[PDB]
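# Let me see the structure of the following:
(4 chains, ligands or ions: 4)
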Number of protein chains: 4
Amino acid sequence: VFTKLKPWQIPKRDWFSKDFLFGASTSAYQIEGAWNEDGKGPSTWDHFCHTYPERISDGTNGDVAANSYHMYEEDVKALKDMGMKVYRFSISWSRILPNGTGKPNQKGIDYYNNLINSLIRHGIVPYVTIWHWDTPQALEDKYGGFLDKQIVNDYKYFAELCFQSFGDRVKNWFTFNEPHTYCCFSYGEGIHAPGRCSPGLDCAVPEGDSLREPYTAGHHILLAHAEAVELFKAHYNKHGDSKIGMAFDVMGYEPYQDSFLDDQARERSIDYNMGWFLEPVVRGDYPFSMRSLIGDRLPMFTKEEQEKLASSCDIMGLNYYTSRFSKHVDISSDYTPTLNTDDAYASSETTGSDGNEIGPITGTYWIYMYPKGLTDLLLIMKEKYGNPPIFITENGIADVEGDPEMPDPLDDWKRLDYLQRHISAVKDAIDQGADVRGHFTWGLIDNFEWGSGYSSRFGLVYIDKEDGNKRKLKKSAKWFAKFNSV
Amino acid sequence: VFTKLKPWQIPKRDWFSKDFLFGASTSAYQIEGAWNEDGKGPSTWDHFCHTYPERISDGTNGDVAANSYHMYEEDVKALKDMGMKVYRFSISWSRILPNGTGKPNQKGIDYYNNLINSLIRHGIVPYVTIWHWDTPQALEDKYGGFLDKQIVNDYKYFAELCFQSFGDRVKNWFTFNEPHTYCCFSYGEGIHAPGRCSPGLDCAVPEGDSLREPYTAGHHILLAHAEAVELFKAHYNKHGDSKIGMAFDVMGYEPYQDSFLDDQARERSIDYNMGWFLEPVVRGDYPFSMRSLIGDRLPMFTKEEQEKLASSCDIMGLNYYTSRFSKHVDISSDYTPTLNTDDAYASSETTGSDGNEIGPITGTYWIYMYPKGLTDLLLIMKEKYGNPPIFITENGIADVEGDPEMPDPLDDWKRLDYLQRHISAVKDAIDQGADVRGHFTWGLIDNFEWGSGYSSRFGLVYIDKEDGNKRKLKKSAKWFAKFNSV
Amino acid sequence: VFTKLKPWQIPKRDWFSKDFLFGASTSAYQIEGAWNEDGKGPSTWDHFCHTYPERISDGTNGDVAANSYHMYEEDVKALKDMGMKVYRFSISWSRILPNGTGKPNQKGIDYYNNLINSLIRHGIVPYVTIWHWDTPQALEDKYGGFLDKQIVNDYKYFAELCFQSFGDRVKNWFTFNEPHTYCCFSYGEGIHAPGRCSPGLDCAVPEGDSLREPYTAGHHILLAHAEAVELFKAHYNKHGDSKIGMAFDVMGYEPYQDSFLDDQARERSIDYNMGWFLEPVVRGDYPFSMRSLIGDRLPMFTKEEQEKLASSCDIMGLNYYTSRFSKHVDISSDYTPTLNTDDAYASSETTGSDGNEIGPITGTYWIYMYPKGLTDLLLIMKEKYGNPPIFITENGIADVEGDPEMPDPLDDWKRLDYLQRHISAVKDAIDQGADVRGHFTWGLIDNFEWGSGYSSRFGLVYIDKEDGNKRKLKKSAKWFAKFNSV
Amino acid sequence: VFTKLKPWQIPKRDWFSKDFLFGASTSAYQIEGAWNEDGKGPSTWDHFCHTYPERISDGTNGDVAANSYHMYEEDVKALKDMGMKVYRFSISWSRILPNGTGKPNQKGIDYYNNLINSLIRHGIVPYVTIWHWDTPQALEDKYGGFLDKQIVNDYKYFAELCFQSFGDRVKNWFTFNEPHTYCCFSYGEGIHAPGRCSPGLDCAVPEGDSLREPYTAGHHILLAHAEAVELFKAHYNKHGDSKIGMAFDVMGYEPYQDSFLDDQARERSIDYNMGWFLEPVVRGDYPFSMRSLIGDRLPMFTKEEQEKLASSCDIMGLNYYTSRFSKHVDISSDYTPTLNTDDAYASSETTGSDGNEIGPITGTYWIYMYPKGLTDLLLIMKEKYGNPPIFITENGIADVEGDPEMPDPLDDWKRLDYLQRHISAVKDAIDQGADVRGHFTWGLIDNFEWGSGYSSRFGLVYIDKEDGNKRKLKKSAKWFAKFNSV
Ligand SMILES: COc1ccc2c(c1)O[C@@H](O)C(=O)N2O
Ligand SMILES: COc1ccc2c(c1)O[C@@H](O)C(=O)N2O
Ligand SMILES: COc1ccc2c(c1)O[C@@H](O)C(=O)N2O
Ligand SMILES: COc1ccc2c(c1)O[C@@H](O)C(=O)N2O
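Numbers count the residues shown, from 1 in each chain, chains lettered A, B, ... in the order given. Ligands and ions are numbered 1, 2, ... in the order given. Below, you will see the structure:
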């Protein structure tokens, strides 16, 4: 039982302005492969899969992935075949600077130049994410990567090299992808590279501090961001036609039960999920709720850092998938936080007070369909944060390998209905004044879904592992081709 | 320049239901006098004036006040002359139990019985406040009064004696008056008996802790309340026609400037001003904001205490005078709280972001006229807290002695306009569904205004200190007489 | 205490459409200088300063002003440096036709052609005001200028010469600037050229009639307008791509106190301030309120004049600075009007019924910041008058010379905050359907502020009187340069 | 074609509160008869019919009418049979004081005492109108009745005699009935006693001034009212349980066409129809619109008169029948007022801009059914005038003698549908907060309809002229009997 839209409710490209942009996304580690070719240095995810292979559900890794290092022309083609106007992809820090720092790798620069030139050549605008969890293992080894201040300057240099190499053609940038997801999973639960967590928790390397490392790393990301954006605006935007921002992972929230306590809980959830990194780029400081609950575990900004962070995004990306119910947790003697996400004192529930799940399951266990959540978030952006330019830089679902209800990987009617419903939810927001400039489906092609390996397929375009990684358009992709009047 | 209502905007008694109740209020220490007659023991306010007389602005005290211990028949008459249906007064703990505990003083009981019987005899319903800051100095001396747990049981015994002595005629009770005002001024700034504050602050007795004593005392008041209400409901309400609650001091708040930060500040102000004691009688715990900011300085409740506090009021009193702008304060390394009221991280401003004061001054420096604030608070009560029965148990203004714009103490047109505006604001609330059952003007008669002595006159009825404390109806009183169709 | 916008509330150029136009304004007399060069005849303001110099606060005049007759290339440059798309300037009637009538002065025509050609050459669109109080003193001397019907035809000829000389390049015109301000100040209080007022009032030439001259002159302006627009539409708009209107001075109004009487007062204020000249260009007659109160002092239109005036504007300019409270005045035996503005029976107050000023002071004594007022006015335009195309043709503030809170004339953060707030108020209007096509800041450069001389600085661009009248960008100007992505 | 309510839309007595009052009305001249018995002096209407009989359409007069001077017991019975709780009737000034002034006529007092005692005896509350156009012809002859100041004191004495004679039983009074209708028809068009109008107009006595007499008489009525109410409140309301007001004739208005000009016209219509006499009892002065348009023809009030008039009604009666479209009239040289009602510069139209009549005709030519109009008026009362206690003191329709669509005078289904629709419109008002305390149908019994004689039948109860003036319940009356659960 998965009810689809009625045909008269399906979005049409006319619903959006001529300038509104439709696209799809990927990230380096997830599609490139070639993890050690042409000089590329290893990344924290190379290292994490190569030393803790058992932390990937289906026992796979990103050594080869979709082989987009060699097959990128096929990716471009799939965009052109769907009629997408934008391609959001990321640059592999360790491919461009095998040691994190120092001598740039020409073969690395060349690769991106080729992808970029192919896009332009096919009328596709590149939106480039600078860092997508893809951190050079040399810097992890040298000083513990994002847990050390030195990452700030090193990131800055990396960002600069990107601006120098590609800034004449690439005019839209995201410094960082999903800092909240990264901090929670990489340093809190430790299910993602470098795999750290508190002693006694179960993760590859339980030698960290699930109550402090996530904040330390978060803090360094925001300082890095501020430095890079300052560098950019000052010396790399001489025509003024370039925009730079960051992409935030966000979940919608609804109060678990009707009570002023869950209303307050919902606000703490959104602060912790979204405001953790968005409020600093807006006002130059973390949300009050977080400071009040986290105190000394949450680093203080200097005056100049506040000023540098505030108003540091020209554009903001929102990666939206699902929503949760926020259920209030009391502060008491009985309870002490053990994971960073406990500091919100609001637990994310998949079922609400009436016993019902928030929305239908879509395949992988964490993605419940709730398009209203996106609309609500976009309206918070409009009303609370100044209605800055918003791009849905990720949105989509997974078909899980082996699911008997998805036997033909190309017949992704479920993904199509989901994407249509959310495209429509973005229209609702726009109609109410939200300033949403674009929609990028996450899943250009099936790729390496971090801890789920390839067993989770997110693409519009199938990737046939049995047929040389060939790109094959799924039903959803074919719909975009009509939608975009190809 | 003080603009009055247009005559067609003045409330009429028809505006309210037949059952709605109009009355006036006083408290023992403020009007009784006779501080050491017929066996009465000394109270913390006797002691505070007698040992720190310089902490009263005009150098006066409550030894005699309005002499209502002897002149109570005159008070009753003034109520009857205005046509009030309700009289809200308080019982002097130290007059009924000179040692706080132990042997009751018959002359004390007799006094109240006489007032009560006179009221009933004149068709006036008594609403009795059990404790109004009026704490027996024997218990202050014995164990530090409200700073010790022992106050809980001792209060309970006091409350019980009241129920036994007067419960057959008195059917409406308030356990405590303005716990927030009391905790802030008595243990925080220390301007009110027993006059405690942190070392280095300026107050009679700077040997306390402005960051902890206010909470300790607040905590004991709520435990006392819970015990008394449990005792009451169990053994002193055999007809089920008696109601018991508490009266809260409340100020309205408006965000200082239009920003989501002052919106959050306003919520913290209301939590700290109102929710500090109201949320515990509602859900059995302090507001989340307070727990998050105050942590270990704010005592924890036991399970059974939660359950006993929750739903412990049948009726709630709101003492409303004025409003403020709430201005957000950041949590930072630079700032540390020194007074308990700093823990809200929201400063109360009298002027907003546009440079304007919130409303017109009414006489004494802290009462700015802002009736919209009351309406807003009543709507929070309706929407957030279950819309429980609300009585405006205090509301009014002061004429300041010596103010050249108030040369004739009987010509209180300003007070009348203020009261009319607020009676009207209560009507607005009722029209929107707020469950407001009554309005009690604070100021039956001019009385001892704590740290301002008599220099602040709050009464509807003047008290001529030069003419033997004679009761004389002011303009406002005369208006109530017409309003109530006397 | 002057609270600024939070950084996330600051307008961005994206807030408005691609076709929306940002610009700045000036007027001939206020910036040109060269009052007697190349044949220019004297104007009523030359005459007024030269014979009544003491009526200018700081003892200055417009003989030289910003010397824009010679330095216009610098003005164009300052527009280009801020990235403005529009320049609103006025043509000096007495420079083009030294005798008001008759032989045109080539050097005069050449000057404007040069300014116009420079603008076009720099991608800046000229919006030209034909008359800006700038009336030829030959016509004042000959028949009393706007107080005689003959001004109608003479204005017509002037307008025609402008259309012939510049109509091939200038496609947007305003016939008259602020007729209400002009009539009130020039013929009512008499503080502006020609300085007339009733006998016994204090003004340069108290030989007029403050109850009749303002209307007579107003009436002649509207007839002049009608004739010029008829001439234009008939013989000077052969491509149909030209638009012609007028610019109105307007203040926002709020009822002084909450009462249906001040509601009626507010309507009379807006009628008298705005509707005096706007209702005639809309329906061909003065507002009913004015006719009912002014009777025989307010000239009647002929049928054909009604028809010619009605629908005579393609575009309307609104010069907005501030707002007032409207306080009702009764009609009675006690009261008789003495100034034309008394005929509204509504006094403009700077403080409302609660004692507060309407908004913060911005420098010069009459400009209180109240952006909501503009939004309200634009919504009246939409809802009541057909939502015709509206340009904010003036808006801004003054820094007063010698104000100790504005020691550095370039650090005009206050002006910047004000302009940002109003740009934002225009966005609010647009979002609600108001048809606002553009925003012109008054103050391209500091200039001669009529009766305040240069002591009032309104410019985005400073004019250094000590440094040869050099143009220097202030903080606000620099912000527009970023805003316009220069 | 007259569409009736669906049966589920018919009001039920449950729709209104227990205290809401249903009743019916009459006036002395219209039902009493006995115009010269037991000493009664002649009234202006005796005189007007006896000297200008041709001004009554059907050639009849009120010499005998319904003979209620003798048959009043039958009127009481008809009220009791319908279950009405209230009876609104008027006292004949000339029956109680045959010379207007001086010696009271006992037989006159006795009559009213008997009616009053019968009502009370049958559980019916009397609401008494003191003057209902019924003016003693001795005072007309002596000084021209309401056109002379002397009427003020004389009315006062009359009112006093009523208070003395009946005030112990009658607790609700209306000083004057429909002053607007009276002034317009009696002194403007002159179709009603004393029949005055300007020379050259057609009315019995064209020796008056249709532009001044209506105002002079109106002015004297308001002064009379003020004096009487002051006398009453001071010396005739010793229990405070008596209420005194006036009844206003009111028509609903809708703008003729959608334009801000007809919006302004509608406001002038309501001012002139309703505000003419209501605004003075509210704020102590005529509406601003009227003063501005009427100037010197509209008498000025003294300070003390303002204060005495303001807030002079405890209750207000509204006599509602129908509505009109208000169509704007320009002030111009072409137009001059000739009738007082021209001074509104808004003509009352029966058909709107789309060509449709406002509502269905109900019998007599001026009563078009438009219940929405009443609801709107009641909401103006609530929102603009303080929401004072409102009684619909008249409401109903006429069956015209000889109308072929009303052959059986008892089968008044049309009246019943109309009354039901308006009872329902009053419910709508109440549901929206209007303070409407009662509904009195005009037409207890058919009576003398002034200039239409008996040919217009307004009663719930038929009066059989062919069967000795016997009272016979019509269909509508029978419905009230069920409605009131008799
Ligand atoms: C709960 O497991 C996940 C929750 C959120 C994420 C995840 C895994 O990995 C990718 O799908 C991703 O882009 N985010 O944001
Ligand atoms: C700021 O000074 C005061 C503020 C509030 C109070 C006060 C003094 O004393 C009494 O007027 C009172 O009932 N409260 O609530
Ligand atoms: C109250 O003094 C002024 C009020 C309005 C104006 C003025 C002076 O001169 C210029 O600033 C102007 O453009 N107007 O509209
Ligand atoms: C237009 O003719 C009339 C208009 C209004 C009235 C009238 C006659 O006589 C009675 O029906 C009455 O009570 N009024 O108000």
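
# Downstream of the helix or strand hosting residue A:417, the next helix or strand is which one?
Taking DSSP states H and E as the definition, residue A:417 sits inside helix A:413-431. Helices and strands here follow DSSP H and E; after helix A:413-431, the next one along the chain is strand A:436-442.

# Return the list of strands paired to that next one, each annotated with direction.
strand A:21-25 (parallel), strand A:390-394 (parallel) (DSSP bridges).

# For the stretch 351-486 of chain A, which residues are neighbours of ligand 4?
Contact residues (C-beta under 6 Å from any ligand atom) of the stretch 351-486 of chain A with ligand 4: there are none. C-betas here are computed from N, CA, C, even on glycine.

# Would you state the helices of the stretch 351-486 of chain A in chain order?
Remark: helices assigned in the stretch 351-486 of chain A by DSSP state H, counting those that start in this stretch are A:372-384, A:413-431, A:475-483.

# In CSV, list those helices along with mean neighbour count and distance to residue D:406.
Converted to CSV, those look like this (neighbours: other C-beta atoms under 10 Å in any protein chain shown; distance: least, C-beta to C-beta, whole Å):
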stretch, mean neighbour count, distance to residue D:406
helix A:372-384, 20, 60
helix A:413-431, 21, 56
helix A:475-483, 20, 68
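
# Figure out which of these is closest to residue B:466.
helix A:372-384 (59.4 Å; C-beta to C-beta).

# and the residue of the stretch 201-350 of chain A found nearest chain D, what is it in contact with?
Residue of the stretch 201-350 of chain A nearest chain D, by C-beta to the nearest C-beta: residue A:258 (27.7 Å). Residues near residue A:258 by C-beta atoms under 8 Å, 6 or more residues apart in numbering or on different chains: residue A:353.

# ok, and the closest non-adjacent residue to the residue in the stretch 301-450 of chain A that chain C sits nearest to?
In the stretch 301-450 of chain A, the residue that lies nearest chain C is residue A:386 (3.5 Å; C-beta to the nearest C-beta). Nearest residue to residue A:386 in three dimensions, chain neighbours excluded: residue C:8, at 3.5 Å (C-beta to C-beta, 6 or more residues apart in numbering or on different chains).

# Could you check how many residues crowd around that neighbour?
17 (other C-beta atoms under 10 Å in any protein chain shown).

# Next, the contact list for the residue in the stretch 301-450 of chain A that chain B sits nearest to, please.
Going by C-beta to the nearest C-beta, chain B is nearest to residue A:331 of the stretch 301-450 of chain A, at 4.3 Å. Residue A:331 sits next to A:345, B:288, B:291, B:292 when contact means C-beta under 8 Å, 6+ apart.

# Check residue A:190 too.
A:196, A:197, A:201, A:203, A:204, A:205, A:206, A:208, A:210.

# tell me which of those residues is nearest to residue D:42?
Nearest member of those to residue D:42, counting by C-beta to C-beta, is residue A:210, at 104.5 Å.

# Next up, the contacts around the closest one.
A:187, A:188, A:189, A:190, A:197, A:198, A:201, A:338, A:339, A:340.

# and what of residue A:362?
A:368, A:369, A:397, A:398, A:414, A:415, A:418 are the contacts of residue A:362 under C-beta under 8 Å, 6+ apart.

# Surely the residue of the stretch 301-450 of chain A closest to chain C touches residue C:11?
No - judged on C-beta atoms under 8 Å, residue A:386 makes no contact with residue C:11 at a distance of 9.7 Å.

# Dump the helices of the stretch 351-486 of chain A into CSV; add distance to residue B:436 as well.
Listed next are the helices of the stretch 351-486 of chain A as CSV, based on distance: least, C-beta to C-beta, whole Å:
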stretch, distance to residue B:436
helix A:372-384, 32
helix A:413-431, 39
helix A:475-483, 57
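
# so how far is chain B from the residue of the stretch 151-300 of chain A found nearest chain C?
With C-beta to the nearest C-beta as the measure, residue A:240 is the residue of the stretch 151-300 of chain A nearest to chain C, at 4.5 Å. According to C-beta to the nearest C-beta, to the nearest Å, residue A:240 stands 29 Å off from chain B.

# Find the nearest non-adjacent residue to that residue, please.
Per C-beta to C-beta, 6+ apart, closest to residue A:240 is residue C:485, 4.5 Å.

# same thing with residue A:133?
residue A:182 (5.5 Å).

# The contacts of residue A:331: which two are farthest apart?
Going by C-beta to C-beta, the pair spanning the contacts of residue A:331 furthest: A:345 and B:291, at 9.4 Å.

# Name the residues of chain A found near chain C, please.
A:240, A:241, A:282, A:283, A:310, A:311, A:385, A:386, A:388, A:389, A:433, A:435 (C-beta under 8 Å from any C-beta of the partner chain).

# Among these, the buried ones, what's the PyMOL command?
Only the buried entries of the residues of chain A next to chain C go into this PyMOL selection, using 16 or more other C-beta atoms under 10 Å in any protein chain shown:
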select buried, chain A and resi 282+283+310+311+385+386+388+389+435
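
# Quick check: buried residues in the helix or strand encompassing residue A:219?
Assigned by DSSP H and E, residue A:219 belongs to helix A:213-235. Neighbour-count burial for helix A:213-235, counted by 16+ other C-beta under 10 Å, picks out A:213-229, A:231-232.

# Please consider this matter closed, and thank you.
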